[PDB]
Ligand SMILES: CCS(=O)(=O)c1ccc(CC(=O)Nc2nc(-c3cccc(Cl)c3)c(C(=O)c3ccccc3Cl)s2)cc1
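Heads up, the chain below is alone and in the form deposited without this ligand; it's given as structure tokens.
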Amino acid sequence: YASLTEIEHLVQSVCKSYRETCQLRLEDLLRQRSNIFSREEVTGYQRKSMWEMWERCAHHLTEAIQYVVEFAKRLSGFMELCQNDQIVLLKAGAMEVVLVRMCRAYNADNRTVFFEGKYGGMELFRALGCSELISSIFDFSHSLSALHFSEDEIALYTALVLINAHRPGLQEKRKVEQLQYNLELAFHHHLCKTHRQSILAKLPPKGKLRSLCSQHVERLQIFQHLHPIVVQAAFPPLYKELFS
């Protein structure tokens, strides 16, 4: 892009796509912070079977991914890429975007996340048998939350998470690069304008999102090997398309 008016138009445009595609409004999440699972409800979750809690989490991830697909569809540049590259970007990026969007549903004051209507701590997911992954996700959401990420910042940051020209498989790499650099300009322009450039050094390192995504795939492979009929019969088709 040439001149601040085109960059600023991009900023507004990205922010609007984000707002139209967030599953939960931020104030609905904040208004729920006192609604916290009782210890008896926590115990109830801990006693659910591994396979039932996997199914539930997969369903919830699938719904979050659907909103990310709509997000990508509303970024003009994205829908200008060829279909192969759209799919490449979405298969590598969708989970990373959801992982970023989850910080909004995380309360750093008590280390809880909004899940199935109330806030609960990481002990809520014990039945999954993936304590390392869960703990890493909570840690990631705590990092971002410490930054006090604004809605506008999440918009712009998650547009960049998705439009990543380093994804293996991209055919029009140069085109993705150009889009990535315009979105980087937009993000950094907005940071400069809002006096928020101090967060650049505090953003999680390159590789942290990859690490969560790869742990997620690794834990999935173990679960699937234990309960292959559950995955086939009861995991959402989109989930399996992205991760199995």
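In this text, rigid core is short for the largest set of C-alphas that superpose within 1.5 Å between two forms. Each residue number is its position in the shown sequence, starting from 1.
- Averaged as a root mean square over residues and superposed structures in 7 other deposited structures of this protein, CA distances to the shown form are larger in 72-80; the pair compared was 72-80 and 150-158 with a core fit.
- Farther on average from this form in 7 other deposited structures of this protein lies stretch 204-212, the comparison being between 30-38 and 204-212 by RMS Cα distance after core superposition.
- As listed in the deposited structure, the average C-alpha B-factor of 128-136 and of 92-100 is greater for 128-136.
- Between 154-162 and 71-79, the higher mean Cα B-factor belongs to 71-79.
- The residue among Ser38, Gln197, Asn182, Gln215 whose C-alpha atom has the highest B-factor in the PDB entry is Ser38.
- Comparing C-alpha B-factors across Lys206, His188, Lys48, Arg219 in the deposited entry, the largest value falls on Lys206.
- Ranked within its chain, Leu26 lands in the highest third, by CA B factor from the PDB record.
- In the deposited entry, the Cα temperature factor of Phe149 sits in the top third of values across the chain's modelled residues.
- Placement of the Cα temperature factor of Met122 within the chain: middle third of the modelled residues, per the deposited record.
- In this PDB entry, the Cα temperature factor of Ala105 sits in the bottom third of its chain's modelled residues, the lowest group.
- Residue-level temperature factors show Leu238 in the lowest third of its chain, judged at the C-alpha atom.
FYI, the form deposited with this ligand bound isn't displayed, but the following is about it.
- In the deposited bound form, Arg104 approaches this ligand with a heavy atom inside 4.5 Å.
- Under a 4.5 angstroms non-hydrogen atom cutoff, this ligand in the deposited bound form has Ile134 among its neighbouring residues.
- Proximity of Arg33 to this ligand in the deposited bound form: non-hydrogen atoms within 4.5 Å are absent; the residue sits far from the partner.
- Contact check for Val42: no non-hydrogen atom falls within 4.5 Å of this ligand in the deposited bound form.
- This chain is drawn without this ligand; in the deposited bound form, the residue among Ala165, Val98, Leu81, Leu160 with a heavy atom within 4.5 Å of it is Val98.
- Contact with this ligand in the deposited bound form holds for none of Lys173, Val176 and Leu185, as no heavy atom of theirs lies within 4.5 Å.
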